[PDB]
Every structure is written in C-alpha cells, then in structure tokens.
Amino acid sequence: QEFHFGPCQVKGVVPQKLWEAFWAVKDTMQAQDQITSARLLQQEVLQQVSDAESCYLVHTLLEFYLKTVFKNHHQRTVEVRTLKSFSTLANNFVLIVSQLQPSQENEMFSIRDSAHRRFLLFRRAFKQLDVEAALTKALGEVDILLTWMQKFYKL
C-alpha cells in the first residue's frame, strides 16, 4: 500500500496520519478564512485527473504548498499547535515530492500541459485574493488536497 500517481510510486506516507495532523487544527484554520464565497482548489482543478496527469499535477501543487504556503505559514504563526501540525504535513509533503520522477520526454508534453492548465486555474484563483487572505485560505484547503491524493492510495 502506497500512492500510485500513474507510474510514480510513493511509500512511507500514511494517509490517516496526514488527517490526524490536519484535523488537530482544521477548525481554527477554517474559521479564520472569512471568505466563504471562494474556493481555490476548485472542482475544475481536480475532477477526473487522468492517471498520466496525476503525477505532474501533484508535483506542482505540493511544490507550491512547500515554497509558498507552508513557508509563509511557518514565518507568521503564533500558535504552536498549527506550527506542529503544518510541520507534519510539510515534512510528509517533502517525502512525497522526493519520490516523484515523472517522464521528461517529448511524447508527454500535452499531458504535462493539461496538468499545468489545472494548476494555473488554482494559481489564478489564489492571486485574485489579497495575499494574507489567500495564504489563510490555502492552509484551510489542505483537506481538499489530501482527499484528492488519497484516491491514488492503492495496491
């Protein structure tokens, strides 16, 4: 039992432990996002991603979470429990990303383009918000990301 994002296999990351970390802080993080009218990880981003797409999309989304979202969260939080819960998620996301070596050959170009398209729909939604508000929202939406990834946890 591993994640299988098309051909990339990811071991050592237990989905229920990712939940346990996020559920310690989910309420406080969701309560803080005062914008109920907008969702960044929208349906168009994650609905019926093909197996061959999935690896490129997951790489791009996680990197964005690592480089942008968690980094600025770490830099700003004043609650130790969210520092600990997001460390757990960011550390496991590091382990996922190290195991993603999707193909870089030309026959895959239009598949990576579809995956990048989905990512850019998320990115655009994120940049339409003020930056403090977009960070808060992206933190509180981690659950949407975990729920999608779990679909690929199989034999």
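One rule holds for the numbers: they count along the sequence shown, beginning at 1.
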{"property": "Mean Cα B-factor comparison, 124-132 or 96-104, giving the higher one as deposited", "result": "124-132"}
{"property": "Options 34, 60, 91, 68 - largest CA temperature factor per the record", "result": "34"}
{"property": "Position of residue 50 among the chain's modelled residues by C-alpha B-factor, lowest, middle or highest third", "result": "highest"}
{"property": "Chain-relative CA temperature factor third for residue 114", "result": "middle"}
